[PDB]
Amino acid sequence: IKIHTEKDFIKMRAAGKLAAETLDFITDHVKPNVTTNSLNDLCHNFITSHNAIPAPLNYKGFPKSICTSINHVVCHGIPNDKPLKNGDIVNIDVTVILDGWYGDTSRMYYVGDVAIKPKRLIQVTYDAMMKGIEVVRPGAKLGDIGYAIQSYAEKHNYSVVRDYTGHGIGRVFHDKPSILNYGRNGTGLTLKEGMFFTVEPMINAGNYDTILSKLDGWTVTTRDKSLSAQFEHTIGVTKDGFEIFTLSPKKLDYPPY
């Protein structure tokens, strides 16, 4: 696990800011009848016009510049030509590379008028992410992150996806260690100043089991077809706490926006 210094923190602040600015920008474009392919092109040109690279583009063959995951899609959805429908929920997940450093962040968006139950799932997911980030400091352990997220989700009768995790990040997209979204207090490796990683819980309204698309090699869905929501931030461990690199500059942290 790589230990970074202040010079690298400066670089990660800039990459994370741009990733978060991409998500602020896309907000007003998420409407009924818009396709995820349209949203991908909007984000692509925003990213590149800011002197940066969309990390997902051809990453392990991924065919688009962002991930867009609708309703029972858990993560890694591929932008396509289907119109978004009133009542849908969508995760938009952006990663930019700026001067060689990766900024990774996602948020949930409402499409038109959304029902009470999807809105509850979204809110719980955001809150759970923040419970996880909030334990981070040198001497805390990875399992403390997972316990905080899992406890918060499960107290609301939701489940935590096990098969996909957060990750180290910096000059690499996906580095050590794996940041599990479930766990037990006081277990796992010890956090240290200078570590960078993501916190990206996926929370299901039903059971935690997921399925990977046999057809596109990427799209993950809930096995029970229940709704799933996700938020993500890129963070760093400081001398006595954490720093989030991907905060929305416009304070568009969670919907409604």
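A residue's number is simply how far along the shown sequence it sits, counting from 1.
Colleague: Mean C-alpha B factor from the entry: is it higher for 36-44 or for 185-193?
Modeller: On average, C-alpha B-factors are higher across 185-193.
Colleague: Test of understanding: from the entry's C-alpha B-factors, which stretch has the higher mean, 247-255 or 2-10?
Modeller: That would be 2-10.
Colleague: From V124, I89, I133, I116, which pick has the Cα B-factor that tops the rest in the entry?
Modeller: Comparing C-alpha B-factors across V124, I89, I133, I116, the maximum falls on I116.
Colleague: Taking the Cα B-factors listed in the entry, which of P138, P79, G168, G103 comes out highest?
Modeller: Of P138, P79, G168, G103, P138 has the highest C-alpha B-factor.
Colleague: Sort the modelled residues of this chain by their C-alpha B factor and say whether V172 lands in the lowest, middle or highest third.
Modeller: Ranked within chain, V172 CA B lands in the highest tercile.
Colleague: Within this chain, which third does the Cα B-factor at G61 fall in: lowest, middle or highest?
Modeller: Tercile = middle for this residue's CA B-factor.
Colleague: Taking the values exactly as deposited, rank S178 by C-alpha B-factor within its chain and report the matching third: lowest, middle or highest.
Modeller: According to the entry, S178 has a C-alpha B-factor in the chain's highest third.
Colleague: Based on the deposited C-alpha B factors for this chain, I'd like to know if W218 is in the lowest, middle or highest third.
Modeller: It belongs to the middle third of the chain when residues are ordered by C-alpha B-factor.
Colleague: If you rank every modelled residue in this chain by C-alpha B factor, which third holds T95: lowest, middle or highest?
Modeller: Lowest third - that is where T95 ends up once the chain's C-alpha B-factors are sorted.
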